[PDB]
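Residue numbers (the working numbering), protein chains in the order written: chain A, 51 to 344; chain B, 172 to 223; chain C, 30 to 188; chain D, 258 to 426. Heads up: the structure comes next, in structure tokens.
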RNA sequence: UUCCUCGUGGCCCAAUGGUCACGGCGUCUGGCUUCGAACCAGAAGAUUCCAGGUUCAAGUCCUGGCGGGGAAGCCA
RNA sequence: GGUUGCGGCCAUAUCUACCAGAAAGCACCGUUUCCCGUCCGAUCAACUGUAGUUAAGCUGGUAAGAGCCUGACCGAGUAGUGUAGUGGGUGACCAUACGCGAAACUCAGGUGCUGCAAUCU
RNA sequence: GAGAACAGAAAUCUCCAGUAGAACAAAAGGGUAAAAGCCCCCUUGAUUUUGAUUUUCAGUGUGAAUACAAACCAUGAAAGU
RNA sequence: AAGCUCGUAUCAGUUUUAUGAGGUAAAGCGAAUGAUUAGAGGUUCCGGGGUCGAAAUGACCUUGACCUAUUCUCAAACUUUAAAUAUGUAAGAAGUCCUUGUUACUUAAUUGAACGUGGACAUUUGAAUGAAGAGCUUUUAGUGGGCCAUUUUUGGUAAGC
Ligand SMILES: [Mg+2]
Ligand SMILES: [Mg+2]
Ligand SMILES: [Mg+2]
Ligand SMILES: [Mg+2]
Ligand SMILES: [Mg+2]
Ligand SMILES: [Mg+2]
Ligand SMILES: [Mg+2]
Ligand SMILES: [Mg+2]
Ligand SMILES: [Mg+2]
Ligand SMILES: [Mg+2]
Ligand SMILES: [Mg+2]
Ligand SMILES: [Mg+2]
Ligand SMILES: [Mg+2]
Ligand SMILES: [Mg+2]
């Protein structure tokens with residue numbers, strides 16, 4: 051009835067490319083990101099892409115070619131258990147840790163790890179990775195936040211701060227970090243440092259612990275089940291950071307199976323196409339029955 | 172909008188004399204102004220007494 | 030009065046396409062242009078900045094300058110009884126590599142291959158291209174292909 | 258089947274279409290905040306009609322959005338004003354419904370003479386959970402055919418809950 | 001043919017883009033008179049000659065049509 | 001082979017109506033102290049992954065489906081057009097010689113391919 | 001298109017469809033959908049120094065426009081503009 | 001006209017190969033815009049109406065819209081598609097490949113960019129045909145009312161307009 055579009059409309063319709071149809075890429079942003087100064091002929095532009103799905107965080111370094119994009123290194127949230135983090139795999143601190151991980155991962159595989167050590171005595175101060183004198187002018191990369199909404203205190207910038215302390219040079223102002231005083235234009239390092247170490251979580255423990263117990267039970271259940279205390283939350287993060295700076299080399303999984311076996315089961319499981327000869331028989335039978343007086 | 176124009180000085184014209192006669196009982200005096208080459212005077216009268 | 034603007038008589042020449050409106054695909058910005066590349070010009074109507082004048086549509090020239098967002102091109106223009114070279118500055122959206130060269134230097138490297146290989150045993154490599162030669166003799170059998178006799182068709186109205 | 262496709266209220270929209278701005282406009286706005294606990298918003302007119310006596314952007318009407326248990330509370334408090342009976346045509350074809358009332362004083366604010374007397378227009382937007390698929394920014398999509406509300410579903414839900422009835426048709 | 005002008009209450013006309021719009025005569029009700037006038041209190045009535053575009057609003061701003069009136073038409 | 005992140009070509013990829021989806025992923029989904037934003041924690045912000053569900057999103061399949069794409073001595077060597085004649089015709093126009101060559105229409109076939117990295121009974 | 005008191009063909013609000021059939025100071029034509037359209041926040045690059053180039057062209061001028069360099073700035077978290 | 005530098009070339013009113021651009025001819029309107037003849041089926045909580053009706057979100061007809069599927073004909077300032085003829089560029093020595101030198105530019109980086117050293121590849125050195133010599137400079141006369149023919153085409157009924 052009303053749910054009908056004319057042939058002329060369907061024949062004159064323009065479709066978005068593919069990604070604008072799926073609503074995943076801002077091509078208006080991609081323009082400004084991947085475009086390279088034409089006098090710098092083949093010098094690629096590397097992007098720090100950060101995405102935030104449920105229960106996981108993704109960080110990658112991507113350059114672009116005509117045939118497709120190419121990635122240097124990637125760092126996911128779910129590998130933190132290797133480095134001593136088991137819960138809150140998407141919190142602000144988890145983001146900062148991931149940014150640190152990918153930072154050391156890249157500089158390690160690029161040979162820029164001994165130089166440009168980064169920042170170790172983290173204090174929530176706003177400082178950039180300055181170039182060492184007569185040195186290799188540290189690596190440069192830009193954020194690619196995608197469709198994610200920019201806002202003060204957003205956890206996407208936690209990855210930025212993770213990389214910047216990790217040793218990468220990421221150009222940025224500080225007026226979007228959490229703790230940025232608004233009516234007067236300054237930053238609060240104490241609050242920023244607290245966020246870097248989960249301060250807003252360890253602090254949030256105390257109220258629920260002193261006000262409502264079943265609420266303290268259903269969420270943070272893993273904390274009780276594994277005996278982690280509010281005060282102990284900073285320590286595990288600090289112990290982690292050293293592990294990342296010790297070995298970011300991205301040990302992969304073992305997969306306990308093969309590519310072929312996975313293919314075999316999916317191949318046998320998925321519905322297949324129907325051949326033209328069968329389709330013709332099917333319609334012929336449909337005439338034979340429905341039109342054939344049943 | 173504004174409270175200005177201590178200008179035109181109320182032309183001596185007999186139509187203006189009738190305007191002044193009909194003024195003191197009120198009814199929403201409308202007046203027109205002509206300001207060619209700066210030198211300006213009030214030429215025409217009109218009434219719009221609704222206030223509703 | 031008469032009217033000769035900068036974009037006069039460009040009503041159809043700058044219409045974009047059918048079902049190809051919207052933004053430009055990134056491959057254009059991913060292209061790399063060197064000095065000395067020979068390149069055609071086709072104005073994109075969606076990018077008003079750095080457009081070429083309508084006369085240069087469909088022309089081909091040589092790159093002589095590269096800047097952050099544009100490319101300097103040399104075009105030969107016939108005026109009067111001679112040619113004058115004109116120097117342009119065009120954003121990459123009105124720019125695409127002329128594949129004529131891309132095809133050409135494949136020949137150059139192919140001839141290099143044949144020349145060296147044939148030089149290894151001296152058999153007169155014979156690099157030059159030749160036009161379509163008149164076809165040489167051949168024999169045609171009728172086996173299972175007995176010739177068919179045709180005849181003119183009479184007139185019928187067919188309406 | 259029916260695992261988790263239960264029907265719930267998104268929002269209640271309360272509208273008062275004052276034909277002009279000014280003091281009466283302010284007095285009308287002064288009503289809603291006691292009923293809601295929210296700050297109301299006053300909507301402008303989009304073109305002149307010159308017979309209703311409105312200019313463009315003359316800021317004629319007021320409306321408020323209320324959601325959650327507060328919303329269903331106000332909805333219940335209005336249904337008693339309608340004595341739990343609504344005529345059929347009031348129910349939208351997409352599963353929403355609404356009705357108008359007079360004399361907002363029939364609930365809450367006794368009279369409070371500085372305000373005066375005003376009527377309202379309660380309206381309800383109705384669907385199933387998981388509807389943010391059409392509201393999020395990333396991967397925006399449309400809801401499936403079988404998962405949409407309808408006249409038949411909304412009527413039956415309005416009977417089974419609030420144990421009310423529908424009029425002639 | 002051109003150019004110009006005009007068309008608005010029953011009649012003659014006036015009109016500030018910002019109120020269905022103004023005057024005078026005319027019409028209606030009541031009063032005075034034996035009665036009609038004159039006179040005294042009060043009212044009402046207009047698709048601004050036909051269609052579009054602009055404006056937020058168009059009698060008005062303008063473009064397209066109908067009817068009326070005026071001027072021009074000379075050197076041979 | 002499935003899934004996710006970033007893509008390239010930009011409908012064979014869109015649209016309508018139904019059906020199916022192990023595992024993982026994605027998703028919906030729970031809460032409001034903190035950073036943050038709204039009439040409204042609906043979007044956006046933050047926390048948990050715990051309380052649940054494949055209903056939806058998404059993927060795939062089905063339709064003498066719309067559309068889209070490719071092809072054919074189907075239409076058609078037709079329409080049109082470059083060069084020549086002391087060619088025809090009163091004329092409008094039309095054939096011939098050497099060349100190029102459509103669109104509509106009909107029929108047949110198809111209904112995304114692919115790069116990098118990560119994960120999956 | 002379907003619904004809500006006064007409210008009706010035209011007042012405000014909600015849902016569904018909606019390739020632009022609207023809007024972008026003006027005449028007309030191109031161009032534009034997470035925008036070039038609507039709303040909001042901050043600003044003055046509508047700045048300084050002369051050069052090169054395109055149109056009209058004699059390859060003169062004027063008008064208009066394009067791409068840089070050397071400074072000082074605006075905006076955005078950033079690439080950028 | 002005066003010549004000058006050189007001696008078969010840094011050529012050409014030409015064709016071929018390769019590769020670009022165009023919106024005319026044609027064609028189309030059951031494809032966007034506009035025009036336009038005709039019937040058919042629905043839809044009126046909703047046009048004008050009439051009949052049964054007091055009316056109904058009742059029924060039956062008729063005329064106009066509205067929608068759906070069809071039908072006849074059109075566009076210099078309409079269009080999906082789209083010729084023929086004309087038109088841009090390339091077919092090497094000012095070239096190709098290998099190695100490493102300069103830079104205050106650029107790169108995360110001797111990474112790139114541009115310009116070079118040295119080494120290797122010649123008359124089949126990279127399609128056809130011709131080349132009557134090729135290139136370059138100065139100075140000055142006359143001219144700046146045109147007309148005719150084929151083809152395309154504007155105003156006009158038309159014209160030796
Ligand atoms: Mg943006
Ligand atoms: Mg074109
Ligand atoms: Mg009387
Ligand atoms: Mg924007
Ligand atoms: Mg000039
Ligand atoms: Mg043309
Ligand atoms: Mg034609
Ligand atoms: Mg056609
Ligand atoms: Mg048409
Ligand atoms: Mg050609
Ligand atoms: Mg002389
Ligand atoms: Mg001369
Ligand atoms: Mg002269
Ligand atoms: Mg003369």
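The beta carbon of each residue, even a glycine, is placed where N, CA and C say it ideally should be.
Identity of the residues DSSP links to residue i by a beta bridge
i                      : result
residue 102 of chain C : C/92, C/117
residue 160 of chain B : In the structure as shown, chain B begins at 172 and stops at 223. Residue 160 of chain B is therefore absent and cannot be evaluated.
residue 112 of chain C : C/107
residue 106 of chain A : A/103
residue 126 of chain C : C/68
residue 126 of chain A : A/108
residue 48 of chain C  : DSSP output for residue 48 of chain C lists no bridge partner at all.
residue 320 of chain D : D/272, D/298
residue 32 of chain C  : None; residue 32 of chain C has no bridge partner.
residue 114 of chain A : A/119
Close Cβ partners of residue i (< 8 Å) along its chain, the five nearest in sequence each way excluded
i                      : result
residue 267 of chain D : 324, 382, 383, 384, 388
residue 316 of chain D : 278, 282, 299, 300, 301, 302
residue 123 of chain A : 110, 111, 152, 155, 156, 159, 300
residue 190 of chain B : 200, 202, 216
Sequence-distant residues of the same chain with beta carbon closer than 7 Å to residue i, five excluded per side
i                      : result
residue 140 of chain C : 156
residue 99 of chain C  : 79, 118, 119, 120
Contacting residues, own chain, Cβ-Cβ under 6 Å from residue i (five flanking each side not counted)
i                      : result
residue 212 of chain A : 146, 149, 150
residue 62 of chain C  : 92, 100
residue 10 of chain A  : As displayed, chain A neither begins before 51 nor continues past 344, which places residue 10 of chain A out of reach and without an answer.
residue 312 of chain D : 305
C-beta atoms of residue i and residue j nearer than 9 Å
i                      : j                      : result
residue 296 of chain D : residue 290 of chain D : yes
residue 192 of chain A : residue 52 of chain A  : no
residue 206 of chain A : residue 178 of chain A : no
residue 80 of chain A  : residue 55 of chain C  : yes
residue 354 of chain D : residue 411 of chain D : yes
residue 344 of chain D : residue 425 of chain D : yes
residue 76 of chain C  : residue 104 of chain C : no
residue 379 of chain D : residue 269 of chain D : yes
residue 396 of chain D : residue 72 of chain A  : yes
residue 222 of chain C : residue 83 of chain C  : A question about residue 222 of chain C goes unanswered here, because the residues of chain C that appear run from 30 up to 188.
residue 168 of chain A : residue 216 of chain A : yes
residue 273 of chain D : residue 375 of chain D : yes
residue 245 of chain A : residue 229 of chain A : yes
residue 173 of chain A : residue 243 of chain A : yes
residue 312 of chain A : residue 237 of chain A : no
> Taking the runs of the beta strand (DSSP E) that are 3 residues or longer, which of them lie wholly in the stretch 326-383 of chain D?
Replying inline: Fully enclosed beta strand (DSSP E) runs of 3 or longer: 354-358.
>> Ignoring anything shorter than 3 residues, give me the beta strand (DSSP E) runs that lie fully in the stretch 142-196 of chain A, in order along the chain.
In response: If you keep only unbroken beta strand (DSSP E) runs of at least 3 residues inside the stretch 142-196 of chain A, you get 192-194.
>> Considering only heavy atoms of ligand 1 and the C-beta of each residue, which residues fall inside 7 Å, strictly closer?
In response: Ordered along the chain, the selected set is A/76, A/78, A/79.
>> Run the Cβ filter for me: residues under 7 Å from any heavy atom of ligand 2, listed in the order they occur in the chain.
In response: Those residues that bring their Cβ nearer than 7 Å to a heavy atom of ligand 2 are C/41, C/42, C/44, C/46.
> Taking only runs of the alpha helix (DSSP H) that begin and end inside the stretch 280-312 of chain D, which ones reach a length of at least 4 residues, in chain order?
Replying inline: If one requires a minimum length of 4 residues, the alpha helix (DSSP H) runs lying completely within the stretch 280-312 of chain D are 280-293, in chain order.
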